[PDB]
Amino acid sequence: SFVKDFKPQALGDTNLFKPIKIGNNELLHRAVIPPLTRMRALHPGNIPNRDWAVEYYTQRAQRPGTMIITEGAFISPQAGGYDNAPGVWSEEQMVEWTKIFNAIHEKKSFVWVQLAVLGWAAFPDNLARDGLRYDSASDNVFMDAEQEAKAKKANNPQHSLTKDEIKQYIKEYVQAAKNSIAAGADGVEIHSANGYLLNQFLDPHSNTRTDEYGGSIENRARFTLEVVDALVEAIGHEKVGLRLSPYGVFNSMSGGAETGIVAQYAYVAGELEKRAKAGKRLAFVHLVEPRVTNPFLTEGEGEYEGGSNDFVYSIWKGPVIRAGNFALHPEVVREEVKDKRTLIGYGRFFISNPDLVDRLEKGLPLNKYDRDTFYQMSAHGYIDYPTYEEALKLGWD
């Protein structure tokens, strides 16, 4: 059914519906599909779902000129640990991704692959089964007691990466980016948010290292910036974006409770602008808003009111995608898009509304989402949410 009590607003008269260029892509509107893990990939081999993934992305590409960022895709087996999330390291994976990218392009939309590395969020038992390490920045602080226990039980204790192992990940990022472009993607997004491996290096709670990769703002940012630089070299700055969540607490990150958190992220933005001014500007910076510090809490919950991402705009001068509880808040979007380099990512409601862009333009009711099927091995709750037309025919009004 439709979300009850929601009072839609037509946003067609705002900059949300003004075209903008991101990297090589001429977007026709500024409603972006942010990366959304759905867990339909099949085991073994982390293969994008052979039955439904093309349809899922085709549905959500239906509005011409939409920028789509894929679900997180593992750069290598060592980077993974969830059996049903896809990878981008193998030929068998790329066969399916190619079909997906082709379908999106047939609909005249665009696709950016999010490159994912789990670190301490991985399942240590899956990794042990596959002969792989359980990795993080440090080895003396853990995501939670359950993860620490699972690792010990699996004889796969959390391991602090060596410098050589960091270089190996960088090699894998480079190859994953190359694979993505070769299969037809428009670009990649480096995931450095939501408490996954790169975020584990950025955050002083999870990073207690005393080598060059920890112990200061510059050191904590080193790994993320090395990945940025490696990918810019490999496939070009116009095909690379970076995602950050300064105020996130998901996966045991610090958020605003850490008084140095804004400085840490301001440093990263500054280093990106420095590179931009020296001729290599990333396609975009993608920020998760303090509106959503944990995306598995219902909209309105876990909202941090003691911080703003506005600081980034004083530093980074390129496009900024902002995501977090915007679908139910057109009044906030109306104000944010007055800034002419701001795009809006809509996550959970793009899960439930394949024609979300039409609904935003025209001020239509939104399909409620079913959180139970966010992660599920099913077409149900994946490719069977109706368009507005289909919803009316089903009597949802």
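Each residue number is its position in the shown sequence, starting from 1.
message: I need to verify one thing: averaged over C-alpha atoms only, is the B-factor higher for 281-289 or for 209-217?
response: On average, C-alpha B-factors are higher across 209-217.
query: Do the C-alpha atoms of 364-372 or of 66-74 have the higher average B factor in the entry?
result: Per the deposited B-factors, the answer is 364-372.
query: Which listed residue, 166, 320, 118, 266, has the largest C-alpha temperature factor in the record?
result: Highest C-alpha B-factor among the listed residues goes to 166.
message: Out of 186, 305, 258, 301, whose C-alpha atom has the biggest B factor in the entry?
response: Of the options given, 305 has the highest CA B-factor in the PDB entry.
- prompt: residue 243's Cα B-factor: lowest, middle or highest third of the chain?
  reply: Answer is lowest: the recorded C-alpha B-factor places it there.
field: Modelled-residue ranking by C-alpha temperature factor, third containing residue 35
entry: Its C-alpha B-factor belongs to the lowest third of this chain's values.
message: Ranking the modelled residues of this chain by C-alpha B-factor as given in the entry, is residue 325 in the lowest, middle or highest third?
response: Tercile = lowest for this residue's CA B-factor.
message: Based on the deposited C-alpha B factors for this chain, I'd like to know if residue 26 is in the lowest, middle or highest third.
response: For residue 26, whose C-alpha B-factor we compare with every modelled residue in the chain, the answer is the lowest third.
task: State the tercile, meaning the lowest, middle or highest third, of residue 129 with respect to the CA B-factors recorded for its chain.
output: For residue 129, whose C-alpha B-factor we compare with every modelled residue in the chain, the answer is the highest third.
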